[PDB]
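One structure below.
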Amino acid sequence: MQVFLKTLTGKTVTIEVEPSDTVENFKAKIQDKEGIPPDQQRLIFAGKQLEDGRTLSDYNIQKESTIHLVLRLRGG
């Protein structure tokens, strides 16, 4: 299934992922697009912060789902 990723600028990207995919792999796809190390990547879905140890299916993620990416710099 294809998902939409949002950046800090408000850009919508179409990436291909699967329920059997692990958060880690996800961050890898973003890196190849944004070029930012997972150490500075932060995915927040439905308020919850996806962990590099869990997967998409873990959070009952479906197709057409959108996720927000963050840099993580003690902001807020």
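Letters A, B, ... go to the chains of the structure tokens in the order shown; residues in each chain start at 1; ligands are counted from 1 in the same order.
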Problem set entry | Selection: 8 Å around residue 43 (chain A), only C-alpha atoms, excl. self and same-chain fewer than 5 positions, as a PyMOL selection string | chain A and resi 49-50+67-70
For this session: Considering only C-alpha atoms, return as a VMD selection string whatever protein or nucleic-acid residues lie within 12 Å of residue 37 (chain A), sequence-local ones (same chain, fewer than 2 positions apart) excluded.
Result: chain A and resid 24 26 to 35 39 to 42 70 to 72
How would the residues just chosen look if you wrote them out with C-alpha atoms as a short mmCIF file (atom, residue, chain, number, x, y, z; two decimals), in the first residue's frame?
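Heads up, here's the output in out.cif:
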data_model
loop_
_atom_site.label_atom_id
_atom_site.label_comp_id
_atom_site.auth_asym_id
_atom_site.auth_seq_id
_atom_site.Cartn_x
_atom_site.Cartn_y
_atom_site.Cartn_z
CA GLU A 24 13.36 1.16 10.87
CA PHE A 26 10.43 3.21 6.96
CA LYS A 27 13.03 5.69 8.21
CA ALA A 28 15.38 4.22 5.61
CA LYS A 29 13.00 5.08 2.79
CA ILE A 30 12.69 8.66 4.05
CA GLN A 31 16.48 8.98 4.27
CA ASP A 32 16.78 8.06 0.59
CA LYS A 33 14.32 10.88 -0.09
CA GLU A 34 15.26 13.49 2.52
CA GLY A 35 18.77 12.26 3.26
CA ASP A 39 18.78 9.48 14.54
CA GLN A 40 17.16 12.78 13.54
CA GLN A 41 13.95 11.24 12.21
CA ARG A 42 10.72 11.18 14.23
CA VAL A 70 10.11 15.43 12.62
CA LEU A 71 13.76 16.33 13.17
CA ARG A 72 13.62 16.18 16.97
#
Exercise. Could you pull out the helix (DSSP H, G or I) residues of chain A from DSSP and send them as a PyMOL selection string?
Worked result: chain A and resi 23-34+38-40+57-59
Atoms kept (N, CA, C and O atoms) for selection, written as an mmCIF file, in the first residue's frame:
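The resulting file, again_8.cif, is shown below:
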data_model
loop_
_atom_site.group_PDB
_atom_site.id
_atom_site.type_symbol
_atom_site.label_atom_id
_atom_site.label_comp_id
_atom_site.auth_asym_id
_atom_site.auth_seq_id
_atom_site.Cartn_x
_atom_site.Cartn_y
_atom_site.Cartn_z
ATOM 1 N N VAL A 23 9.363 -0.043 11.379
ATOM 2 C CA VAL A 23 9.618 1.388 11.481
ATOM 3 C C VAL A 23 11.002 1.737 10.947
ATOM 4 O O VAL A 23 11.167 2.712 10.214
ATOM 5 N N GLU A 24 11.995 0.932 11.315
ATOM 6 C CA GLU A 24 13.363 1.158 10.866
ATOM 7 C C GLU A 24 13.412 1.308 9.351
ATOM 8 O O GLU A 24 13.883 2.321 8.831
ATOM 9 N N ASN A 25 12.917 0.297 8.644
ATOM 10 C CA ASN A 25 12.899 0.322 7.188
ATOM 11 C C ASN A 25 12.246 1.605 6.686
ATOM 12 O O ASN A 25 12.724 2.228 5.739
ATOM 13 N N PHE A 26 11.152 1.995 7.334
ATOM 14 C CA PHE A 26 10.435 3.207 6.963
ATOM 15 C C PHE A 26 11.374 4.407 6.968
ATOM 16 O O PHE A 26 11.454 5.153 5.991
ATOM 17 N N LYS A 27 12.090 4.584 8.074
ATOM 18 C CA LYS A 27 13.030 5.688 8.209
ATOM 19 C C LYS A 27 14.086 5.626 7.111
ATOM 20 O O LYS A 27 14.601 6.655 6.673
ATOM 21 N N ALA A 28 14.397 4.413 6.665
ATOM 22 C CA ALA A 28 15.385 4.217 5.613
ATOM 23 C C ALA A 28 14.885 4.800 4.298
ATOM 24 O O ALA A 28 15.636 5.444 3.564
ATOM 25 N N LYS A 29 13.607 4.576 4.008
ATOM 26 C CA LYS A 29 13.000 5.084 2.786
ATOM 27 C C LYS A 29 13.023 6.609 2.775
ATOM 28 O O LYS A 29 13.325 7.229 1.756
ATOM 29 N N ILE A 30 12.706 7.203 3.922
ATOM 30 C CA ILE A 30 12.693 8.655 4.051
ATOM 31 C C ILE A 30 14.090 9.230 3.849
ATOM 32 O O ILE A 30 14.258 10.274 3.218
ATOM 33 N N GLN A 31 15.091 8.540 4.387
ATOM 34 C CA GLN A 31 16.475 8.979 4.265
ATOM 35 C C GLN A 31 16.889 9.062 2.799
ATOM 36 O O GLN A 31 17.587 9.990 2.394
ATOM 37 N N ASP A 32 16.452 8.090 2.010
ATOM 38 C CA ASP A 32 16.777 8.058 0.590
ATOM 39 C C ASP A 32 16.057 9.176 -0.155
ATOM 40 O O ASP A 32 16.370 9.469 -1.309
ATOM 41 N N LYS A 33 15.087 9.795 0.510
ATOM 42 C CA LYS A 33 14.317 10.879 -0.090
ATOM 43 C C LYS A 33 14.702 12.228 0.512
ATOM 44 O O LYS A 33 14.813 13.226 -0.200
ATOM 45 N N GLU A 34 14.897 12.254 1.827
ATOM 46 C CA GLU A 34 15.264 13.486 2.520
ATOM 47 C C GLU A 34 16.755 13.517 2.840
ATOM 48 O O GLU A 34 17.349 14.587 2.974
ATOM 49 N N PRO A 38 18.260 8.376 10.561
ATOM 50 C CA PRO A 38 17.157 7.977 11.440
ATOM 51 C C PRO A 38 17.285 8.577 12.837
ATOM 52 O O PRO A 38 16.294 8.742 13.546
ATOM 53 N N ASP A 39 18.515 8.900 13.224
ATOM 54 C CA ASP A 39 18.777 9.482 14.535
ATOM 55 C C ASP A 39 18.099 10.842 14.674
ATOM 56 O O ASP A 39 17.842 11.309 15.784
ATOM 57 N N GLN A 40 17.811 11.474 13.541
ATOM 58 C CA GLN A 40 17.163 12.780 13.536
ATOM 59 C C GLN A 40 15.750 12.689 12.969
ATOM 60 O O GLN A 40 15.096 13.706 12.736
ATOM 61 N N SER A 57 1.923 -2.635 10.938
ATOM 62 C CA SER A 57 0.790 -3.447 11.363
ATOM 63 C C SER A 57 0.604 -3.367 12.874
ATOM 64 O O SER A 57 -0.498 -3.566 13.387
ATOM 65 N N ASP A 58 1.690 -3.073 13.584
ATOM 66 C CA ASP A 58 1.647 -2.964 15.037
ATOM 67 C C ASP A 58 0.698 -1.853 15.471
ATOM 68 O O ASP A 58 0.025 -1.962 16.495
ATOM 69 N N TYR A 59 0.650 -0.783 14.682
ATOM 70 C CA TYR A 59 -0.218 0.349 14.983
ATOM 71 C C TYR A 59 -1.476 0.308 14.125
ATOM 72 O O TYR A 59 -2.131 1.330 13.915
#
For this session: Could you jot down the CA of residue 76 (chain A) to CA of residue 15 (chain A) separation for me, Å, one decimal place?
Result: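 Computing the Euclidean distance for CA of residue 76 (chain A) and CA of residue 15 (chain A) yields 27.6 Å.
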Problem set entry | Atom pair CA of residue 1 (chain A) / CA of residue 36 (chain A): separation (Å) |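 These atoms are spaced 23.3 Å apart.
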Exercise. A:48, A:75, A:65, A:53: which is nearest residue 12 (chain A), counting only C-alpha atoms?
Worked result: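 Between A:48, A:75, A:65, A:53, the residue approaching residue 12 (chain A) most closely is A:65.
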For this session: Please identify which residues in chain A DSSP calls strand (DSSP E) from the backbone, and express them as a PyMOL selection string.
Result: chain A and resi 2-6+12-16+42-45+48-49+66-70
Restricting the output to N, CA and C atoms, write the selected residues as an mmCIF file, in the first residue's frame.
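Below you can see again.cif, which holds the result:
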data_model
loop_
_atom_site.group_PDB
_atom_site.id
_atom_site.type_symbol
_atom_site.label_atom_id
_atom_site.label_comp_id
_atom_site.auth_asym_id
_atom_site.auth_seq_id
_atom_site.Cartn_x
_atom_site.Cartn_y
_atom_site.Cartn_z
ATOM 1 N N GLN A 2 0.347 2.326 -0.596
ATOM 2 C CA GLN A 2 1.077 3.586 -0.666
ATOM 3 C C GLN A 2 0.607 4.553 0.415
ATOM 4 N N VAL A 3 1.564 5.192 1.077
ATOM 5 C CA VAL A 3 1.261 6.144 2.137
ATOM 6 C C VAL A 3 1.782 7.536 1.796
ATOM 7 N N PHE A 4 1.282 8.541 2.508
ATOM 8 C CA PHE A 4 1.699 9.921 2.281
ATOM 9 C C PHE A 4 2.500 10.446 3.468
ATOM 10 N N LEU A 5 3.707 10.934 3.195
ATOM 11 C CA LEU A 5 4.571 11.464 4.243
ATOM 12 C C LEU A 5 4.622 12.988 4.185
ATOM 13 N N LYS A 6 4.455 13.625 5.338
ATOM 14 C CA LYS A 6 4.485 15.081 5.415
ATOM 15 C C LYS A 6 5.789 15.565 6.042
ATOM 16 N N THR A 12 3.830 16.773 0.446
ATOM 17 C CA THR A 12 3.245 15.438 0.472
ATOM 18 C C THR A 12 3.956 14.509 -0.505
ATOM 19 N N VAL A 13 4.480 13.405 0.013
ATOM 20 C CA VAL A 13 5.185 12.433 -0.815
ATOM 21 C C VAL A 13 4.470 11.087 -0.808
ATOM 22 N N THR A 14 4.587 10.353 -1.908
ATOM 23 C CA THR A 14 3.949 9.047 -2.026
ATOM 24 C C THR A 14 4.977 7.923 -1.966
ATOM 25 N N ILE A 15 5.051 7.258 -0.817
ATOM 26 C CA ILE A 15 5.989 6.159 -0.629
ATOM 27 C C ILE A 15 5.255 4.827 -0.529
ATOM 28 N N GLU A 16 5.917 3.755 -0.952
ATOM 29 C CA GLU A 16 5.322 2.425 -0.910
ATOM 30 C C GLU A 16 5.816 1.643 0.303
ATOM 31 N N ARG A 42 11.757 11.440 13.237
ATOM 32 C CA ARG A 42 10.725 11.178 14.235
ATOM 33 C C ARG A 42 9.357 11.031 13.577
ATOM 34 N N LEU A 43 8.829 9.811 13.586
ATOM 35 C CA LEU A 43 7.528 9.536 12.989
ATOM 36 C C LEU A 43 6.443 9.471 14.061
ATOM 37 N N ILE A 44 5.431 10.321 13.926
ATOM 38 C CA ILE A 44 4.332 10.358 14.884
ATOM 39 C C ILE A 44 3.003 10.019 14.217
ATOM 40 N N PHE A 45 2.427 8.886 14.604
ATOM 41 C CA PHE A 45 1.154 8.445 14.047
ATOM 42 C C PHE A 45 0.073 8.412 15.124
ATOM 43 N N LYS A 48 0.870 8.749 18.769
ATOM 44 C CA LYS A 48 1.911 7.815 19.180
ATOM 45 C C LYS A 48 3.158 7.974 18.316
ATOM 46 N N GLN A 49 4.324 7.797 18.928
ATOM 47 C CA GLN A 49 5.588 7.921 18.214
ATOM 48 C C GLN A 49 6.115 6.549 17.805
ATOM 49 N N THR A 66 -1.405 8.603 6.388
ATOM 50 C CA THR A 66 -0.428 9.683 6.357
ATOM 51 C C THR A 66 0.352 9.758 7.665
ATOM 52 N N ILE A 67 1.649 10.024 7.560
ATOM 53 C CA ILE A 67 2.509 10.124 8.734
ATOM 54 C C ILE A 67 3.316 11.418 8.714
ATOM 55 N N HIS A 68 3.573 11.969 9.894
ATOM 56 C CA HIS A 68 4.337 13.206 10.009
ATOM 57 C C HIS A 68 5.762 12.929 10.473
ATOM 58 N N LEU A 69 6.730 13.524 9.784
ATOM 59 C CA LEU A 69 8.135 13.343 10.126
ATOM 60 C C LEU A 69 8.682 14.572 10.843
ATOM 61 N N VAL A 70 9.517 14.343 11.851
ATOM 62 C CA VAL A 70 10.108 15.434 12.616
ATOM 63 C C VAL A 70 11.617 15.262 12.744
#
Problem set entry | Atom pair CA of residue 17 (chain A) / CA of residue 74 (chain A): separation (Å) |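 Distance reported for this atom pair: 28.7 Å.
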